[PDB]
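Written out below as structure tokens is the structure these notes cover.
Lettered A, B, C, D, E, F, G, H and I in written order, each chain numbered from 1.
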Amino acid sequence: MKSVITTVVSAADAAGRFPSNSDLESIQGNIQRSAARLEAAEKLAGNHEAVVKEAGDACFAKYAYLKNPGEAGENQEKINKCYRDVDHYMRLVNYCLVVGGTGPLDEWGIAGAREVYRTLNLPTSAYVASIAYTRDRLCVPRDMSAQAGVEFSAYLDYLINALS
Amino acid sequence: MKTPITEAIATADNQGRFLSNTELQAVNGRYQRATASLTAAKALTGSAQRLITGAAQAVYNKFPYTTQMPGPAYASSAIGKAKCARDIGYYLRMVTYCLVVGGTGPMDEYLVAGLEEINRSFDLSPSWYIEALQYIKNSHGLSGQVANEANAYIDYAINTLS
Amino acid sequence: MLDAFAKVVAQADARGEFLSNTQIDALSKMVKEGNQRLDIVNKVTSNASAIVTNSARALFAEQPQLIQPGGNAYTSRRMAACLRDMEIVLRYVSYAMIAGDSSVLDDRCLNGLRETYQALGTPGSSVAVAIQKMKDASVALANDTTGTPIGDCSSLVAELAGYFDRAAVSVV
Amino acid sequence: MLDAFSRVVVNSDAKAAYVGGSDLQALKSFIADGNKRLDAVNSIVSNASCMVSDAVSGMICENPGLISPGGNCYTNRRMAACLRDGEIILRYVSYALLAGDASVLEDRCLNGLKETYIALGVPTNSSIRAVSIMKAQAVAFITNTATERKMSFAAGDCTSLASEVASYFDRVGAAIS
Amino acid sequence: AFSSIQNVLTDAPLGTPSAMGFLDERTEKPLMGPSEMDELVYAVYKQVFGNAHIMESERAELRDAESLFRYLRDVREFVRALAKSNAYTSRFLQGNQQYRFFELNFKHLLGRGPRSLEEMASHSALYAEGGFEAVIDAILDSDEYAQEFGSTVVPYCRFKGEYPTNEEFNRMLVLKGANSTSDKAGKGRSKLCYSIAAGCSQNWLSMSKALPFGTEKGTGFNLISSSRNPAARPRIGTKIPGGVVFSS
Amino acid sequence: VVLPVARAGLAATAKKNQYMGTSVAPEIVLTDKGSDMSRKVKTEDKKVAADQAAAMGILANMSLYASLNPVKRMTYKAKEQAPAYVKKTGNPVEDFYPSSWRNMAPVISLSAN
Amino acid sequence: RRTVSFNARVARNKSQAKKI
Amino acid sequence: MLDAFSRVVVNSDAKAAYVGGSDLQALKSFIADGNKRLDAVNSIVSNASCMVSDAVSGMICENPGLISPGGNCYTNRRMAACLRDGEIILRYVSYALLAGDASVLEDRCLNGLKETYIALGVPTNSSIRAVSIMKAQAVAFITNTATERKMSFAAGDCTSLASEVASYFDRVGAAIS
Amino acid sequence: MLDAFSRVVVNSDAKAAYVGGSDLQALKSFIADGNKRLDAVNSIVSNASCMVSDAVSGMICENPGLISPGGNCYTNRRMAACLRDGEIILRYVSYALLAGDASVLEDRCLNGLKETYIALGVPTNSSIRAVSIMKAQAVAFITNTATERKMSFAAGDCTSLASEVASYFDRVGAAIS
């Protein structure tokens, strides 16, 4: 993947160097910031059914043309493969909060994704309408702490800017 | 081998009976205690080289004649210093066997049966080994019931030497 | 007499090795099962008289020459010795089940039972039919709940049937 | 490559699971003992030049036919290539101790190493012996039980880091055997 | 980065006199002259083409790329002009598979073998966006080509000692062969194709044919198997004073 | 010391369910006459049977559906079936035109659909 | 033999940019 | 009585059980929307003889290599055995629609099904094609969008049950994949 | 000499029964695994000469008193017989793995081996110690986890053939005890 540890040991490997003191200064910051992003990870783990339920129907409320015949959300199995493909993305945000890097997003969920949605006529604006709904639905002292919300929202709009 | 499992089987075989609940409760007590016994065995194995070479130095500091006096019985040469640290490692290895098994059965068989005749023959003092075993009891760094399990076999070895 | 924990300690001491972390974890899987092994043994010893008596009554109905006059289980002396020989084998299988290792089974029951019955004239073919009848009477009794929290115990009842298979090939 | 947090999320990806609070208690103790992991790897890279030259010349000591005519540490050409190789092995196991997962040692260093050595003529039994010396040098710097060079640590056990790095040195012997 | 084979047991790499001639304002380069010129062109023809043995009526179609090379003395522009030729695609693109064409671009233009499936699949990502000229100019205008060869020397097979993967040295030795070896002998059929996509390695006798003179070419083979078992878990124990510790 | 046929027959009996090849299935019947006290559901168990005769209304009709496909007789090409173990006698009016295929010909009878 | 302070095709550029 | 409706399946023999008029009247107030679900399973099993007759013939309709000489729905009896197992799948799905869960389906019909088809040489890439024709018939018959036959239903929406009976047909397709 | 098929007939002849029913269904699953057993006998016979010379050498490195003057493996006449004594044991175990029944091992090799070895003066402690090395090699070759050579098989699990070949090698050590 790409994380804080794989950055500094592949920067060290290309120079032929041992782990120096600047590389161990980085992973001190992985220790200090971990209690934030492992609280947002285990909050999204035990609440993932209700946050993809609300993200799914905010897609079709903004775009009700998908339930026109011939379109993407034609029948109920195509509605059900829309709620699955946004439950895949909230799994990868949970994978990115645990790893502490953008690694599981850009090679399990973003790599190849513009090619497959262009062929299969899926609009990307419906995908970013769901993810941007959950970024505003977060509030600061109830759903997590104030620093877990900065980690959780930063992995949400990295996914938004990759699809835009 | 004297384990809590094979003391229950040997109790039922000496009476010619099936395993009643008197023997199923003794086996169940080993399973309830095997959590703390098997983490103590992992933590003493990972600290083996630190505890052996540190406890050989504790004997050389309390009994400093054992590095000066000539003769085959002392740690005064290359082969005597090598045989002293080999014996601390024998004692540490049998404690980890007793924690895995669950009773003082490995070191009764492999270590204490015939140990008094060996120390008197080869002129080894049993107060040397007590001092190295008091170092291991005060330097493994374990806490709680994991330390209670490890300490109960370290001073079983002390009571056979003292 | 070795149980399953002492089987790996004895094999380590022949090379002078500490036990590794991958061997402590394999032993804590046995502590993890634990309560389900104790209910295999509790179900066998609490029905031990029905397991032996129903398997003997079915054995003589199949080989009736064993209780004919002049047969090997005629004359109460020989009949009563046939019944405790079946209860001896069922006793040591339940010993080997609670230990996890078949050391007490084939050291002090099975070691020399083929050539014990050969010197007496006892048909060891017919003894193996009696082990097989006590085998499936015990594995049908092991995998029923009847006041037991329901789970998967099929890796333990495959171990219990392997002890009965070990006793069966050893007497003939 | 992966590290100790990436290894957990590829296990959950085979089940399409979420990394929840049951799986997170291994990762919450990796960051809890994470100061000692950093405290152990500058105990190794501070002594790494002494560790290589002692392990290679300690292999020459138990096998003097490596430096006779026909040994494969004979001239200056072959001895500097052996000293370079033991520094590469010690470099990749310091990456693997830092990550907490032996992925980067196994694909970059160890993958294909057995076929280089049986084409260049390198003896693999004595090459395992140079790795097995510096395994014992590495566990003595971590637990602070070396005869020279006492470093200044804080008090407690590092006994699970000393056997984690001993398993990384054991993968080098298993891959060239 | 010591590399005990490189300038010891092989030759020295050929090329132009210096790279300071470009900053000279009355010339373009140390002018070699047509005996010092064409013996450098003999080494570019033996390296971009393998030993293809190009005829007199095949070199006449490469007349224009040499006439620019003897005025503009850049070696990298000569290699770029020879890889877009008909004589480079009729030998390495026309009757071959796609990973056979890709594995010869690493041989002819970098002197190494490809290290990965991820590095190899990105060269087919450039085939989709510009054809075969997008593969060739991205190798030539890379950072790895700049800090090993530049405009000055021919791209030669370099024994580095400090390879970024050990498998990269293995695939370099399979790709180059002996000096009596061209690269048309397989019928298409990339040699490295199974080992890149699976992650295994090469065969020891195929690598030791291509090693230089004086480097124990083949010894060390035990008479059991040549690769490793990934599923094997061996017990490797260390002696302490008391017993033997299996730190696994 | 082990019995291989006993402890693998027991291992294949607890992992594999006892219920697969017996071809039983819950047949549900709904009865409804509109009223409230007429609305039973009967979920009983029947071993269903392989109906031999109505497969020829499926196997033959699809064999002449695929006979008349112009573009499924190519990209779905059948294998090269050997003829049977009939012996050649020597007269061609029995060898080439046997009694099982004597005077047989297809008659096509079109109607509406 | 590469001599790191060196380029290849901005050397083409600036001789046809100082004239411009 | 729904717990007794699993009793008639578990005995590996025939037992018939039913509910009364007053018993079902308690059942439809206990469970949610049960008048739709009994209308759901009646719409399938009234047309169940046409559903496996169209799906198995629809499998040959795009894959005529099964009735090719050398295929697997050749020689007179394998076609009859395929029509039996198509009707086996339809009664377990319609019982899973009736009971409301897939808990009787995955252990008593799909458990062991993948290893049985590859032992016999049944082409499992075409049996998923025969299930998806039966899935496409089932969502037509629930939502009354069947073109050749229109039943008489009370008005309303049944797309929750049609997504439920589609999801049981993927569970048959996931086990044989 | 019984195979696995002759054992279920001898057991049925004692009660005078026809073989059929449940023990005919246990026999049809024994032959379903009959290719795994044939795949795995080949993975031991192919490596049979390295398996013996490694087990005899590994018994010697543990007890170097066998190659001292006066040891049992001392002279060339006695070294060649231990290499022969140790591959007959491996040969007769491969018969029992092919047959699936340890009858040919128990009577043609093991009956009276202990009385033979303590009449020639062969240390039965070391013979056990070489047989237990060959046990670890045979479980590694069957499960394809050898560190020195990986073979090619179809994908799947063969952990019941490793449990069976370990029981044969444990029986060799218990017999010559």
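To be clear about the criterion, a residue touches a chain if its C-beta (ideal position, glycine included) is under 8 Å from a C-beta of that chain, and two chains touch if they have at least 3 such contacts.
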| task | Could you tell me which pair, A-E or A-H, is linked by more C-beta pairs in contact? | result | A-H
| Inter-chain centre distance, chain D versus chain H - centres from mean C-alpha coordinates, in Å | 58
| Distance from the CA centroid of chain D to that of chain G, rounded to the nearest Å? | 46
| query | Could you state the distance in Å from the CA-based centre of chain G to that of chain H? | reply | 74
| request: Specify, in ascending order, the residues of chain C that touch 2 or more different other chains. | output: 12-13, 15-16, 18-21, 169
| Residue list for chain E, restricted to those that touch at least two other chains | 1, 162, 164, 222, 227-228, 232-234, 240, 242-243, 245, 247-248
| field | Residues within chain G bordering two or more other chains | value | none
| query | Got a list of which chains touch which? | reply | A-D, A-E, A-H, B-C, B-D, B-E, C-E, C-F, C-I, D-E, D-I, E-G, E-I, F-H, F-I
| request: Provide the residue numbers of chain H that touch chain F in the complex, in ascending order. | output: 5, 8-9, 12-22, 24-25, 38, 41-42, 45, 53, 56-57, 60-65, 67-70, 73, 76-77, 79-81, 83-84, 87-88, 91-92, 94-95, 98, 104, 107-109, 111-113, 116
| query | Which residues of chain E touch chain G in the complex? | reply | 13, 15, 18-20, 22, 74, 76-77, 146-153
| message | Quick check on the complex: what are the chain E residues that touch chain D? | response | 1-4, 8, 161-162, 164-167, 169-170, 173, 199, 201-204, 207-208, 211, 215-222, 226-228, 232, 234, 236, 238, 247-248
| For the chain H and chain A complex, residues of the former touching the latter | 139, 159, 162-163, 166-167
| query | Taking the complex as given, what residues does chain A use to touch chain E? | reply | 13-14, 16
